[PDB]
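Structure first, then comments.
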Amino acid sequence: XXXXXXXXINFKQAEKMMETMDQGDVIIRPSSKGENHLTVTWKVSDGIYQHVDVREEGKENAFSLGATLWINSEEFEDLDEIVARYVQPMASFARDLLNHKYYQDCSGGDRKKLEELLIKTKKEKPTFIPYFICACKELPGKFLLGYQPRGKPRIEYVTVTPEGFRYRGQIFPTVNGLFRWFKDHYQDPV
């Protein structure tokens with residue numbers, strides 16, 4: 001039930017190892033970015049791995065773009081707790097999206113594939129508002145939420161975070177609340 005492997009191999013072998021593992025499994029390994037820092041890689045979905053740069057407070061540049069986790073020097077000693085505290089909830093929220101009735105792979109979250117699917121589905125049932133959710137392979141941890149209220153497909157991002165789903169900047173702690181809000185607003189005049 002969610003295994004963790006600690007490496008004492010470089011990035012590429014880590015992704016090949018994760019191919020064999022289950023969703024939410026974790027590999028903690030030395031970081032390519034810098035000495036004495038770590039990378040916590042976890043399997044978001046099939047072929048999609050988030051590489052969390054674990055940074056020490058006060059010792060790296062305050063700017064980050066990719067998945068990033070700031071911890072103090074002491075917290076580096078209990079990696080298990082950091083996994084339980086931050087990664088495990090995100091893996092669970094990701095699974096909530098993977099099990100959603102309208103989850104679709106769309107070739108790793110290809111926006112064009114999702115738009116084509118939306119247009120096709122809208123032409124099949126004009127009075128229905130189709131929507132699908134897809135994991136972004138190039139932004140691990142982010143999902144595309146595509147939907148077509150009228151004549152044009154629309155795509156927004158949903159971000160998995162340890163405290164729930166971020167959508168339009170708001171945090172939703174349950175998948176059901178996320179989609180209830182979404183469906184209450186997806187026909188708005190925009």
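All residue names refer to the structure tokens as shown: chains lettered A, B, ... in order, residues numbered from 1 in each chain, ligands numbered from 1 in order.
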Original post:
Leaving out residue 54 (chain A) and any residue of its chain fewer than 5 positions from it, which residues lie within 8 Å of it when counting only C-alpha atoms, given as a ChimeraX atom specification?
Top reply: /A:37-40,68-71
Can I get the selected residues back with N, CA, C and O atoms, as a CSV table (one decimal), in the first residue's frame?
```
chain,number,residue,atom,x,y,z
A,37,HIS,N,20.8,18.0,-1.4
A,37,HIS,CA,19.3,18.2,-1.6
A,37,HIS,C,18.8,17.0,-2.3
A,37,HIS,O,19.5,16.1,-2.8
A,38,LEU,N,17.4,16.9,-2.3
A,38,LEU,CA,16.8,15.6,-2.7
A,38,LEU,C,15.7,15.8,-3.8
A,38,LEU,O,15.2,16.9,-3.9
A,39,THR,N,15.4,14.7,-4.5
A,39,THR,CA,14.3,14.7,-5.4
A,39,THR,C,13.4,13.5,-4.9
A,39,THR,O,13.8,12.4,-4.7
A,40,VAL,N,12.1,13.9,-4.7
A,40,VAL,CA,11.1,12.9,-4.4
A,40,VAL,C,10.2,12.7,-5.6
A,40,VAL,O,9.4,13.6,-5.9
A,68,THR,N,7.9,21.7,-6.0
A,68,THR,CA,8.9,22.2,-5.1
A,68,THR,C,8.3,22.0,-3.7
A,68,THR,O,7.1,22.3,-3.4
A,69,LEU,N,9.2,21.6,-2.8
A,69,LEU,CA,8.8,21.5,-1.4
A,69,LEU,C,9.9,22.0,-0.5
A,69,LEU,O,11.0,21.6,-0.6
A,70,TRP,N,9.5,23.0,0.3
A,70,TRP,CA,10.5,23.6,1.2
A,70,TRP,C,10.4,23.0,2.6
A,70,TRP,O,9.4,22.9,3.2
A,71,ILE,N,11.6,22.5,3.1
A,71,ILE,CA,11.7,22.0,4.4
A,71,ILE,C,12.9,22.5,5.1
A,71,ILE,O,13.8,23.0,4.5
```
**OP:** From a DSSP pass on the backbone, collect the residues of region 70-174 of chain A flagged as strand (DSSP E or B) and hand them back as a ChimeraX atom specification.
**Re:** /A:70-71,103,131-135,142-147,154-161,164-167,170-172
Would you save the residues of that selection, restricted to N, CA and C atoms, as a compact mmCIF listing (two decimals), in the first residue's frame?
```txt
# COMPACT_ATOMS: atom_id res chain seq x y z
N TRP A 70 9.55 23.01 0.33
CA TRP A 70 10.52 23.64 1.22
C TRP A 70 10.45 22.99 2.60
N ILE A 71 11.60 22.54 3.10
CA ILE A 71 11.68 21.96 4.43
C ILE A 71 12.91 22.51 5.12
N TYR A 103 -12.83 10.85 -16.81
CA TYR A 103 -11.40 10.88 -17.03
C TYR A 103 -11.07 10.29 -18.40
N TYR A 131 -17.63 17.27 -20.79
CA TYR A 131 -16.40 17.66 -20.13
C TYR A 131 -15.60 16.40 -19.83
N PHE A 132 -14.29 16.56 -19.88
CA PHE A 132 -13.35 15.47 -19.66
C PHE A 132 -12.17 16.02 -18.88
N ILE A 133 -11.51 15.15 -18.13
CA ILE A 133 -10.33 15.52 -17.37
C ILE A 133 -9.19 14.58 -17.74
N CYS A 134 -7.98 15.14 -17.89
CA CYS A 134 -6.84 14.41 -18.39
C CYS A 134 -5.57 14.81 -17.65
N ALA A 135 -4.72 13.85 -17.32
CA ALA A 135 -3.46 14.19 -16.66
C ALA A 135 -2.50 14.83 -17.65
N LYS A 142 -0.65 18.43 -12.69
CA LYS A 142 -1.71 19.24 -13.27
C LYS A 142 -2.55 18.40 -14.21
N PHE A 143 -3.82 18.75 -14.28
CA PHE A 143 -4.80 18.07 -15.11
C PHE A 143 -5.50 19.11 -15.97
N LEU A 144 -5.83 18.74 -17.21
CA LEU A 144 -6.68 19.53 -18.07
C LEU A 144 -8.14 19.19 -17.76
N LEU A 145 -8.96 20.22 -17.58
CA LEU A 145 -10.41 20.11 -17.49
C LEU A 145 -10.95 20.77 -18.75
N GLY A 146 -11.39 19.95 -19.70
CA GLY A 146 -11.95 20.45 -20.95
C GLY A 146 -13.47 20.33 -20.94
N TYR A 147 -14.12 21.30 -21.55
CA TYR A 147 -15.58 21.31 -21.55
C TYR A 147 -16.04 22.19 -22.69
N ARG A 154 -13.31 24.55 -24.47
CA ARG A 154 -12.60 25.34 -23.48
C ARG A 154 -11.77 24.41 -22.60
N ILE A 155 -10.59 24.87 -22.21
CA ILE A 155 -9.69 24.06 -21.39
C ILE A 155 -9.16 24.92 -20.25
N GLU A 156 -9.23 24.40 -19.04
CA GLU A 156 -8.62 25.02 -17.87
C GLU A 156 -7.74 23.99 -17.16
N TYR A 157 -6.93 24.47 -16.22
CA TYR A 157 -6.05 23.59 -15.45
C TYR A 157 -6.62 23.38 -14.06
N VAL A 158 -6.50 22.15 -13.57
CA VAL A 158 -6.73 21.81 -12.17
C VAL A 158 -5.40 21.32 -11.63
N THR A 159 -4.99 21.84 -10.49
CA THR A 159 -3.71 21.45 -9.90
C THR A 159 -3.97 20.62 -8.65
N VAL A 160 -3.32 19.47 -8.54
CA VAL A 160 -3.38 18.70 -7.30
C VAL A 160 -2.39 19.28 -6.31
N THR A 161 -2.83 19.52 -5.08
CA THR A 161 -1.98 20.00 -4.02
C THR A 161 -2.27 19.18 -2.78
N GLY A 164 -5.81 19.75 -1.57
CA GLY A 164 -6.94 19.53 -2.44
C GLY A 164 -6.64 20.04 -3.83
N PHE A 165 -7.71 20.24 -4.60
CA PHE A 165 -7.60 20.64 -5.99
C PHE A 165 -7.65 22.16 -6.08
N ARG A 166 -6.70 22.77 -6.77
CA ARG A 166 -6.75 24.19 -7.05
C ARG A 166 -7.34 24.38 -8.44
N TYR A 167 -8.40 25.18 -8.50
CA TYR A 167 -9.11 25.49 -9.74
C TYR A 167 -9.54 26.95 -9.66
N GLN A 170 -8.92 28.68 -6.36
CA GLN A 170 -9.61 28.24 -5.15
C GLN A 170 -9.24 26.79 -4.86
N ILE A 171 -9.17 26.46 -3.57
CA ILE A 171 -8.86 25.10 -3.14
C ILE A 171 -10.15 24.37 -2.83
N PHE A 172 -10.31 23.18 -3.40
CA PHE A 172 -11.44 22.31 -3.20
C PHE A 172 -10.95 21.05 -2.51
```
Subject >> Members of chain A assigned helix (DSSP H, G or I) by DSSP, as JSON, numbers by chain >> reply: {"A": [11, 12, 13, 14, 15, 16, 17, 18, 19, 20, 74, 75, 76, 77, 79, 80, 81, 82, 83, 84, 85, 86, 87, 88, 89, 90, 91, 92, 93, 94, 95, 96, 97, 98, 106, 107, 108, 109, 111, 112, 113, 114, 115, 116, 117, 118, 119, 120, 121, 122, 123, 124, 175, 176, 177, 178, 179, 180, 181, 182, 183, 184, 185]}
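Atom to atom, CA of residue 76 (chain A) and CA of residue 33 (chain A) stand 16.4 Å apart.
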Original post:
Out of A:180, A:100, A:86, A:137, which residue has the shortest atom-to-atom distance to residue 162 (chain A) when counting only C-alpha atoms?
Top reply: A:86
Original post:
Near region 15-24 of chain A, within 6 Å and counting only C-alpha atoms, which residues show up once chain neighbours fewer than 4 positions away are dropped, as a ChimeraX atom specification?
Top reply: /A:2,42-45,91
Kindly export the residues of the current selection with N, CA and C atoms, as a compact mmCIF listing (two decimals), in the first residue's frame.
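After the write, result-v5.txt holds the following:
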```
# COMPACT_ATOMS: atom_id res chain seq x y z
N UNK A 2 1.36 1.63 -1.18
CA UNK A 2 2.22 2.80 -1.32
C UNK A 2 3.63 2.52 -0.79
N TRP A 42 7.27 10.70 -7.58
CA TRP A 42 6.12 9.85 -7.32
C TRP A 42 5.25 9.73 -8.56
N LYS A 43 4.59 8.59 -8.66
CA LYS A 43 3.84 8.23 -9.86
C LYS A 43 2.44 8.82 -9.78
N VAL A 44 2.18 9.83 -10.61
CA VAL A 44 0.88 10.49 -10.62
C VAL A 44 -0.13 9.63 -11.36
N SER A 45 0.28 9.07 -12.48
CA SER A 45 -0.56 8.28 -13.37
C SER A 45 0.36 7.50 -14.29
N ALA A 91 -1.29 12.05 -4.04
CA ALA A 91 -1.53 10.83 -4.80
C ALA A 91 -2.98 10.40 -4.68
```
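The protein and nucleic acid residues lying at most 12 Å from residue 30 (chain A) are residues 6, 7, 8, 9, 10, 11, 14, 36, 37, 38, 39, 40, 41, 51, 52, 53, 54 and 55 of chain A, with only C-alpha atoms considered and sequence neighbours fewer than 6 positions away removed.
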Subject >> Interatomic distance (Å, one decimal) between CA of residue 1 (chain A) and CA of residue 25 (chain A) >> reply: 8.5 Å
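Rounded to one decimal, CA of residue 109 (chain A) and CA of residue 139 (chain A) lie 9.2 Å from each other.
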